[PDB]
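Notes follow the structure.
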Amino acid sequence: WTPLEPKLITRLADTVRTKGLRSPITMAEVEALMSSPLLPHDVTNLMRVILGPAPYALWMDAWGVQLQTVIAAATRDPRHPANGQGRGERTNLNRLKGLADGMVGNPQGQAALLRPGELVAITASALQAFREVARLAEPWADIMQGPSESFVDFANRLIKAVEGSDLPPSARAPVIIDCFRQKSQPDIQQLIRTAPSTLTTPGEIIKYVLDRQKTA
Amino acid sequence: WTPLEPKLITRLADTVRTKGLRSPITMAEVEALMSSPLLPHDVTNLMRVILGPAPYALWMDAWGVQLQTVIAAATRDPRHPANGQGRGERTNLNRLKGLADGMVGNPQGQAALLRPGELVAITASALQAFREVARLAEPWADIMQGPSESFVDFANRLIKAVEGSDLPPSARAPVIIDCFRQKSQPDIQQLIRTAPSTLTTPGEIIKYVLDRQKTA
Amino acid sequence: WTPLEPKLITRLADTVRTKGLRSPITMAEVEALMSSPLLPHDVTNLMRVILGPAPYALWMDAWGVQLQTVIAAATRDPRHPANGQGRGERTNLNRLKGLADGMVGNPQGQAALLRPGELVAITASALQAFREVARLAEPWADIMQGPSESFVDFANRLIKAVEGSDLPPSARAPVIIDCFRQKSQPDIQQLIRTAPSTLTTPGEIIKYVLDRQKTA
Amino acid sequence: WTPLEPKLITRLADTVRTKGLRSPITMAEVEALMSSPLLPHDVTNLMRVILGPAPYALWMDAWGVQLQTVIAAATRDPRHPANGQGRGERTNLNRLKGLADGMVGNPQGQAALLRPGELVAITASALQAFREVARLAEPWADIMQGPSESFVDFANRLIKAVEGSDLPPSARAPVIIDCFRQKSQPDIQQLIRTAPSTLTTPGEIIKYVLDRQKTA
Amino acid sequence: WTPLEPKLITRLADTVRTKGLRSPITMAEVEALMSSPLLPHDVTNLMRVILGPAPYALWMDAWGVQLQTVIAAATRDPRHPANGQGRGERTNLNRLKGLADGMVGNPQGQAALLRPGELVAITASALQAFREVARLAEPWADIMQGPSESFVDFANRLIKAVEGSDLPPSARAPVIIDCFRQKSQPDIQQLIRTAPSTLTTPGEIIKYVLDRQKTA
């Protein structure tokens with residue numbers, strides 16, 4: 001077992017501290033530090049360091065739930081890369097959470113007894129749990145373009161709130177367009193209304209408005 | 001396929017966050033991270049991370065348009081480094097945008113089937129699209145030297161606004177000179193007017209004014 | 001003897017300066033720089049640099065006390081990895097604190113005469129002393145959720161103050177739950193009260209409240 | 001040809017942005033990045049990135065003037081390390097500024113045709129031009145010690161303004177001394193006046209005043 | 001001769017700029033960059049870059065004085081590692097300050113003619129001069145604990161001012177104790193007075209007060 005660098009962990013913790021849990025740069029950094037299959041000890045200490053107390057509790061809950069789903073799929077298929085062929089290799093949650101015999105508190109023994117399939121399953125479970133908690137911790141129909149706000153800031157805020165919401169993926173573009181048309185105070189409303197071409201994409205609307213906007 | 005370092009990507013994202021999209025240092029950094037030919041997956045994720053939502057939409061649009069121009073030039077010349085000699089090697093936009101069969105979401109297969117000419121064409125297209133969006137996202141005839149502003153700040157602001165505008169390249173120096181002469185409040189106006197030598201370059205005017213300026 | 005990098009020491013000192021003595025990231029960084037067995041000279045200079053004057057005095061006291069406990073255990077067992085089999089290898093506190101003959105002020109001679117068991121015992125003692133001083137230097141029953149404060153901030157503050165207190169480890173979760181129920185101003189109080197399910201964990205309570213909270 | 005690292009260039013640009021053009025640390029950093037003989041392309045892009053628009057215009061002017069002086073010295077001596085023995089190796093300004101045939105815009109061809117003497121001459125010329133522009137871009141007889149200002153701040157400000165001025169090098173110390181004596185509000189004036197020893201150096205005056213100053 | 005990295009020098013200069021000249025971290029960093037024996041050119045340029053103008057003048061003075069003491073000890077002992085056995089190897093101050101023949105302005109020739117004993121003597125002299133100037137550039141009996149100030153801040157400030165003063169080393173602990181007892185506003189005064197145990201060390205007093213302090 002080789003531990004992760006505390007320098008990388010400190011940089012990731014400061015990234016989470018400044019950018020937040022949900023920024024795409026933060027998720028990219030987590031994916032980076034989630035590259036090699038980690039032992040339960042590694043992921044547990046990593047989340048202990050980078051996350052606050054309450055997000056850490058939420059993450060422990062979510063990780064347990066995802067690992068339980070994994071173990072249900074494992075008992076539903078004896079060909080799991082964590083399982084074996086005989087019944088003596090069936091993987092219990094004590095072995096996944098690092099609670100089994102010969103593993104509690106000892107990362108060396110952990111790395112000894114664990115399977116690579118076990119490691120990758122634990123890692124994917126932890127990543128999904130992190131995503132859930134990030135989506136949970138920190139309203140698009142209440143967003144208006146302020147009287148003094150520029151249009152690119154309004155578009156950024158609106159696209160952020162619409163994509164980070166509970167809508168299906170196939171309903172984001174029409175909603176963003178129809179919110180550009182009805183929000184975005186009446187000067188830009190009339191600018192979009194009197195478009196000789198038909199704008200059928202948020203990017204095209206943004207380009208058109210940026211071209212023909214009233215410089216002020 | 002080898003991914004780009006998330007450390008470099010984080011540094012580039014913070015550079016774009018503090019300096020903006022159009023600064024020459026930002027374009028130099030992008031050229032740096034645009035050195036090796038990138039796969040559509042790499043450039044797409046890079047622009048997803050460094051750009052906000054609305055600039056990312058604009059960039060997707062511009063990248064598509066530039067790739068379409070490339071494919072028109074490719075059907076206009078069967079000797080494209082992305083094309084082949086026979087008709088079976090003609091490159092479709094699904095293969096350029098990474099949408100073709102065996103490539104959607106898989107960077108390894110992407111790197112397998114793609115040509116080096118394909119990669120360099122995609123990369124140049126993405127760079128040109130980034131330039132377009134940067135020029136589009138964030139008035140030189142309205143610039144005056146404030147009563148309390150120094151002259152080097154006024155010259156910096158004016159040269160910035162004139163070079164980052166829609167003028168032809170051969171019309172920037174005369175405009176900068178004639179704006180130095182008519183803006184730049186009447187003390188410096190008279191200082192430039194009573195120049196025993198003829199100043200025929202913005203640098204020479206700046207040097208002269210910095211020499212003979214009223215220390216205050 | 002090889003000294004620790006002043007770059008790492010400067011980074012650790014700034015970490016202690018911004019995050020404090022008790023943050024889990026700071027303790028992780030200290031554990032990182034406490035990886036190889038250090039000589040008394042190294043640990044002494046390290047604590048001189050990273051700690052202020054008063055915490056350094058406290059740490060000297062605590063380190064002495066812990067080393068005295070170690071020496072009592074050593075005279076209680078002749079099989080200490082710092083001791084030897086005969087009486088001529090018994091380790092005095094002058095040899096542990098670096099005060100013995102041939103060691104005062106000289107790290108090379110120190111590294112010469114010291115045992116690896118001596119080094120690891122000194123290191124563990126210094127780590128425990130650092131923990132004591134950190135817990136000592138900088139009230140959970142006085143924590144209320146402010147009228148304008150969000151719930152995740154209140155939960156973070158409360159869990160921090162409860163886990164960094166004098167309670168036994170087996171009494172933190174019930175106290176955190178019962179403080180969520182009685183603090184956390186009456187809207188969230190009624191939200192937790194009318195829970196159709198029984199919430200038996202701080203993480204579950206946090207998840208439930210974050211789901212059903214009044215968006216405002 | 002190998003390009004300079006954009007990381008070093010970004011760090012140097014931020015150094016120039018925070019410290020300014022004239023700080024000794026900035027000149028040291030420029031000397032550092034001016035260590036290996038650079039091609040006209042390298043120096044031109046470097047100054048384009050680190051300098052603003054108006055300082056870049058000034059620097060282009062100054063670089064041209066210094067290169068013209070170099071070419072005059074070259075036509076005044078056929079043994080220039082840039083020249084050759086016959087008349088066919090005489091170096092024109094198009095070859096120095098990178099404007100000659102086979103060099104315009106191409107750094108590889110540039111590195112091919114250029115001589116090492118050419119490179120070092122271009123580099124020294126660019127360094128001298130940078131020094132000129134830095135001295136030009138951003139009054140010692142108007143400096144007074146404020147009623148609330150400390151003496152080391154006043155001495156720093158005065159020595160800075162005197163050494164960064166148009167005085168000869170052999171006239172700075174007497175001026176600094178006589179400005180310490182006549183500025184530096186009458187308490188320190190009388191403290192310097194009643195000096196039982198004769199102080200004949202700014203450092204000695206500073207030491208004496210720091211010793212006998214009125215602690216307040 | 002190999003120059004020191006301008007990156008390390010820039011980091012050290014910023015350390016001196018933020019932390020000051022007298023902080024233990026700054027002295028540790030200087031000791032770090034003072035590890036290999038430096039040539040007079042190196043130390044001179046280093047102090048030119050990291051120190052301001054007035055501290056640099058003070059440091060030149062102090063370095064000269066310390067080198068003169070070294071040369072007096074050298075003429076008092078013909079076995080100096082800088083000296084030789086015959087009279088022709090006697091080391092003059094022109095050779096120490098780098099002013100001798102073949103050394104003025106040339107670091108290569110400097111490194112050629114200088115002895116390793118010369119280098120280490122110059123280096124130790126420069127370090128002692130830096131210590132003197134740092135102690136000189138930027139009152140413990142005037143320190144009171146403010147009505148709103150915490151006790152650890154007061155203890156830090158007091159220990160700093162007492163240890164960075166003109167007292168002998170054997171008089172700091174009693175003074176710190178008696179200042180804890182008479183300063184440190186009457187609540188803590190009575191808390192220390194009514195100590196059932198006798199506190200005979202600043203660390204013990206700090207620990208006792210931190211234990212029994214009035215939480216508020």
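By convention here, the chains of the structure tokens are called A, B, ... in the order presented, each chain's residues are numbered starting at 1, and ligands are numbered starting at 1 in the order presented.
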Considering only C-alpha atoms, return as a list in words whatever protein or nucleic-acid residues lie within 12 Å of residue 68 of chain A, sequence-local ones (same chain, fewer than 2 positions apart) excluded. residues 61, 62, 63, 64, 65, 66, 70, 71, 72, 73, 74, 75, 91, 92, 93, 94, 96, 97, 121, 122, 125, 126 and 129 of chain A
Would you kindly report the residues of chain C within 8 Å of chain E, using only C-alpha atoms, as a PyMOL selection string? chain C and resi 6+10+48-50+52-54+57-58+60-61+136-137
Any chance you can output those residues with N, CA and C atoms as a short mmCIF file (atom, residue, chain, number, x, y, z; two decimals), in the first residue's frame?
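And here is the file that came out, out-v5.cif:
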```
data_model
loop_
_atom_site.label_atom_id
_atom_site.label_comp_id
_atom_site.auth_asym_id
_atom_site.auth_seq_id
_atom_site.Cartn_x
_atom_site.Cartn_y
_atom_site.Cartn_z
N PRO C 6 13.11 23.07 3.68
CA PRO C 6 12.46 24.31 4.13
C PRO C 6 11.26 24.69 3.29
N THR C 10 7.91 25.48 5.13
CA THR C 10 7.21 26.75 4.92
C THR C 10 5.76 26.52 4.54
N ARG C 48 9.53 24.50 16.55
CA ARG C 48 9.93 25.89 16.73
C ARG C 48 9.47 26.75 15.56
N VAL C 49 9.48 26.19 14.35
CA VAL C 49 9.15 26.99 13.18
C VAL C 49 7.64 27.07 12.96
N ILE C 50 6.93 25.95 13.07
CA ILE C 50 5.51 25.95 12.70
C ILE C 50 4.63 26.51 13.81
N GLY C 52 3.75 28.99 17.19
CA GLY C 52 4.08 30.23 17.84
C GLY C 52 4.80 30.00 19.15
N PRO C 53 5.14 31.09 19.84
CA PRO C 53 5.89 30.95 21.10
C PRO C 53 5.13 30.24 22.20
N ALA C 54 3.89 30.66 22.47
CA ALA C 54 3.12 30.03 23.54
C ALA C 54 2.73 28.60 23.21
N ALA C 57 5.82 26.54 23.88
CA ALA C 57 6.04 26.24 25.29
C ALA C 57 5.13 25.10 25.75
N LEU C 58 3.84 25.20 25.41
CA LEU C 58 2.90 24.13 25.75
C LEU C 58 3.35 22.80 25.17
N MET C 60 6.45 21.85 24.35
CA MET C 60 7.61 21.34 25.07
C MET C 60 7.17 20.65 26.35
N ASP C 61 6.26 21.28 27.10
CA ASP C 61 5.74 20.64 28.31
C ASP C 61 5.12 19.28 28.01
N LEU C 136 -5.80 21.75 23.15
CA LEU C 136 -5.81 22.68 24.27
C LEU C 136 -5.86 24.14 23.85
N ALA C 137 -5.28 24.50 22.71
CA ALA C 137 -5.01 25.92 22.47
C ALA C 137 -6.27 26.71 22.15
#
```
For the reference chain D, what are the coordinates of chain E after least-squares fitting (all Cα, in-order pairing), as a compact mmCIF listing (two decimals) with C-alpha atoms, in the first residue's frame?
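Output below, filename part01.txt:
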```txt
# COMPACT_ATOMS: atom_id res chain seq x y z
CA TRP E 1 14.03 25.51 -31.78
CA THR E 2 12.48 24.84 -28.37
CA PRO E 3 9.92 27.31 -26.98
CA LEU E 4 10.07 28.75 -23.51
CA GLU E 5 7.68 27.23 -20.98
CA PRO E 6 4.33 29.04 -20.79
CA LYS E 7 4.44 28.33 -17.05
CA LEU E 8 7.62 30.37 -16.61
CA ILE E 9 6.19 33.03 -18.91
CA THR E 10 2.97 33.18 -16.90
CA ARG E 11 4.91 33.48 -13.65
CA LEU E 12 7.08 36.23 -15.14
CA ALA E 13 4.00 38.05 -16.44
CA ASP E 14 2.41 37.98 -12.99
CA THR E 15 5.69 39.17 -11.48
CA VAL E 16 5.70 42.13 -13.87
CA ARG E 17 2.03 42.70 -13.04
CA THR E 18 2.48 42.85 -9.25
CA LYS E 19 6.03 44.16 -8.75
CA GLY E 20 6.22 46.41 -11.81
CA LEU E 21 8.83 46.84 -14.50
CA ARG E 22 11.62 48.41 -12.46
CA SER E 23 11.88 46.26 -9.34
CA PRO E 24 15.23 44.48 -8.94
CA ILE E 25 13.41 41.16 -8.57
CA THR E 26 11.73 41.74 -11.94
CA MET E 27 15.02 42.58 -13.63
CA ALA E 28 16.56 39.47 -12.05
CA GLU E 29 13.71 37.33 -13.38
CA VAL E 30 14.12 38.84 -16.84
CA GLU E 31 17.86 38.15 -16.71
CA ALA E 32 16.96 34.59 -15.75
CA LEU E 33 14.63 34.11 -18.72
CA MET E 34 17.27 35.93 -20.81
CA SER E 35 19.96 33.33 -20.07
CA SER E 36 20.07 31.28 -23.26
CA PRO E 37 20.40 33.23 -26.53
CA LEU E 38 16.86 33.72 -27.81
CA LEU E 39 15.68 34.03 -31.39
CA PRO E 40 13.90 37.24 -32.44
CA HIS E 41 10.66 35.26 -32.40
CA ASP E 42 11.16 34.26 -28.76
CA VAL E 43 12.00 37.73 -27.45
CA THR E 44 9.24 39.33 -29.52
CA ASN E 45 6.56 36.97 -28.21
CA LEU E 46 7.95 37.24 -24.67
CA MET E 47 7.66 41.02 -24.67
CA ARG E 48 4.25 40.74 -26.32
CA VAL E 49 3.03 38.60 -23.43
CA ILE E 50 4.68 40.19 -20.38
CA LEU E 51 4.31 43.85 -21.42
CA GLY E 52 1.15 45.83 -21.96
CA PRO E 53 0.37 47.45 -25.31
CA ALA E 54 1.97 50.86 -24.71
CA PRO E 55 5.13 49.50 -23.01
CA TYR E 56 5.34 47.02 -25.89
CA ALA E 57 5.30 49.85 -28.43
CA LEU E 58 7.97 51.70 -26.46
CA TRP E 59 10.02 48.51 -26.27
CA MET E 60 9.79 47.91 -30.02
CA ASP E 61 11.07 51.44 -30.59
CA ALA E 62 13.94 51.08 -28.11
CA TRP E 63 14.90 47.64 -29.44
CA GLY E 64 15.07 49.02 -32.97
CA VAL E 65 17.28 51.91 -31.86
CA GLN E 66 19.66 49.64 -29.95
CA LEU E 67 19.86 47.20 -32.87
CA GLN E 68 20.67 50.14 -35.15
CA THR E 69 23.52 51.15 -32.84
CA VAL E 70 24.72 47.54 -32.98
CA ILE E 71 24.63 47.55 -36.78
CA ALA E 72 26.57 50.83 -36.86
CA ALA E 73 29.23 49.27 -34.64
CA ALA E 74 29.15 46.24 -36.96
CA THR E 75 29.80 48.30 -40.07
CA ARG E 76 32.51 50.02 -38.01
CA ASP E 77 34.25 46.68 -37.33
CA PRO E 78 34.29 43.72 -39.75
CA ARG E 79 35.18 41.40 -36.83
CA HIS E 80 31.74 41.37 -35.24
CA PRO E 81 30.70 37.91 -33.97
CA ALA E 82 27.55 38.47 -36.03
CA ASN E 83 29.51 39.49 -39.16
CA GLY E 84 31.83 37.40 -41.31
CA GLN E 85 35.15 38.09 -42.98
CA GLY E 86 33.86 38.68 -46.49
CA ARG E 87 31.25 41.24 -47.43
CA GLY E 88 28.65 38.53 -48.12
CA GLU E 89 28.20 37.84 -44.40
CA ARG E 90 27.36 41.42 -43.43
CA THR E 91 24.29 41.37 -41.19
CA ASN E 92 21.33 43.54 -42.16
CA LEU E 93 18.64 44.73 -39.77
CA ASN E 94 16.15 42.51 -41.58
CA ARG E 95 18.20 39.55 -40.36
CA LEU E 96 18.43 40.90 -36.81
CA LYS E 97 14.74 41.80 -36.40
CA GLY E 98 13.79 38.50 -38.03
CA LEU E 99 12.46 40.21 -41.16
CA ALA E 100 14.90 38.69 -43.65
CA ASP E 101 13.99 36.09 -46.25
CA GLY E 102 13.16 32.64 -44.90
CA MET E 103 12.59 33.96 -41.37
CA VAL E 104 9.33 35.96 -41.33
CA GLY E 105 7.00 34.10 -38.97
CA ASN E 106 9.02 30.87 -39.03
CA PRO E 107 11.10 30.22 -35.88
CA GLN E 108 12.62 27.01 -37.26
CA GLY E 109 14.11 28.71 -40.31
CA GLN E 110 15.11 31.57 -38.02
CA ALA E 111 17.12 29.22 -35.80
CA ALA E 112 18.59 27.68 -38.97
CA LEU E 113 20.06 30.79 -40.60
CA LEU E 114 20.99 32.83 -37.51
CA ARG E 115 24.49 32.93 -36.00
CA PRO E 116 25.20 32.55 -32.26
CA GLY E 117 26.82 35.98 -32.28
CA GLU E 118 23.67 37.30 -33.92
CA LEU E 119 21.60 35.69 -31.17
CA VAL E 120 23.65 37.10 -28.30
CA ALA E 121 23.70 40.57 -29.87
CA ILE E 122 19.92 40.51 -30.33
CA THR E 123 19.54 39.33 -26.73
CA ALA E 124 21.77 42.04 -25.25
CA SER E 125 20.00 44.66 -27.36
CA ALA E 126 16.60 43.48 -26.12
CA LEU E 127 17.79 43.55 -22.51
CA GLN E 128 19.08 47.11 -22.82
CA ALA E 129 15.83 48.15 -24.50
CA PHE E 130 13.84 46.60 -21.67
CA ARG E 131 15.94 48.55 -19.17
CA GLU E 132 15.32 51.80 -21.05
CA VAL E 133 11.56 51.25 -21.26
CA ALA E 134 11.36 50.26 -17.60
CA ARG E 135 13.22 53.42 -16.60
CA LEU E 136 10.87 55.42 -18.84
CA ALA E 137 7.41 54.09 -18.06
CA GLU E 138 6.61 54.69 -14.37
CA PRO E 139 10.80 63.31 -7.37
CA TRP E 140 13.51 62.97 -4.76
CA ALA E 141 13.72 66.63 -3.76
CA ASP E 142 10.02 66.58 -2.79
CA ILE E 143 10.25 63.69 -0.33
CA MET E 144 9.47 64.50 3.32
CA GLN E 145 9.14 62.21 6.32
CA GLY E 146 5.48 62.30 7.30
CA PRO E 147 4.47 63.16 10.86
CA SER E 148 3.35 59.57 11.51
CA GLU E 149 5.76 57.73 9.19
CA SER E 150 8.55 55.60 10.60
CA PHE E 151 12.16 56.26 9.65
CA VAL E 152 12.91 53.03 7.79
CA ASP E 153 9.96 53.62 5.45
CA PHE E 154 11.15 57.17 4.80
CA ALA E 155 14.69 55.95 4.16
CA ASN E 156 13.43 53.24 1.80
CA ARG E 157 11.31 55.71 -0.17
CA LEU E 158 14.11 58.27 -0.37
CA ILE E 159 16.82 55.82 -1.42
CA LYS E 160 14.46 54.37 -4.03
CA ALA E 161 13.65 57.77 -5.52
CA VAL E 162 17.29 58.90 -5.48
CA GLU E 163 18.75 55.76 -7.05
CA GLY E 164 15.97 55.55 -9.63
CA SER E 165 16.59 59.07 -10.90
CA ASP E 166 18.77 61.00 -13.36
CA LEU E 167 21.64 61.72 -10.98
CA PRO E 168 25.15 60.44 -11.71
CA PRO E 169 26.18 57.40 -9.67
CA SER E 170 28.82 59.40 -7.79
CA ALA E 171 26.26 61.94 -6.52
CA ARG E 172 23.72 59.65 -4.85
CA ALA E 173 25.33 59.12 -1.44
CA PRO E 174 25.94 62.84 -0.67
CA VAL E 175 22.41 63.67 -1.80
CA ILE E 176 20.92 60.89 0.33
CA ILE E 177 22.88 62.10 3.36
CA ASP E 178 21.95 65.76 2.90
CA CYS E 179 18.32 64.74 2.41
CA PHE E 180 18.41 62.71 5.62
CA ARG E 181 19.70 65.82 7.36
CA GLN E 182 17.23 68.41 6.01
CA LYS E 183 14.12 66.25 5.60
CA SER E 184 13.29 63.73 8.35
CA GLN E 185 11.24 65.94 10.70
CA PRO E 186 13.08 68.05 13.27
CA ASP E 187 13.31 65.40 16.00
CA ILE E 188 15.46 63.18 13.79
CA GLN E 189 17.09 66.31 12.37
CA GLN E 190 18.34 67.23 15.84
CA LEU E 191 19.19 63.58 16.51
CA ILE E 192 21.49 63.55 13.47
CA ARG E 193 22.84 67.03 14.19
CA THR E 194 23.99 66.13 17.72
CA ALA E 195 25.98 63.11 16.58
CA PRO E 196 29.24 62.94 18.57
CA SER E 197 30.69 60.96 15.66
CA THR E 198 30.80 62.08 12.04
CA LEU E 199 28.43 60.02 9.88
CA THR E 200 29.72 59.76 6.30
CA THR E 201 27.46 57.08 4.80
CA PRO E 202 23.68 56.53 4.54
CA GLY E 203 24.02 53.14 6.21
CA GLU E 204 25.83 54.61 9.21
CA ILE E 205 23.22 57.35 9.57
CA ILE E 206 20.44 54.77 9.40
CA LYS E 207 22.13 52.61 12.04
CA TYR E 208 22.70 55.56 14.37
CA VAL E 209 19.12 56.80 14.05
CA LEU E 210 17.70 53.32 14.57
CA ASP E 211 19.79 52.96 17.73
CA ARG E 212 18.96 56.30 19.34
CA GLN E 213 15.42 56.82 18.03
CA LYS E 214 12.56 57.81 20.33
CA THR E 215 10.57 54.58 20.83
CA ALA E 216 6.93 55.49 20.22
```
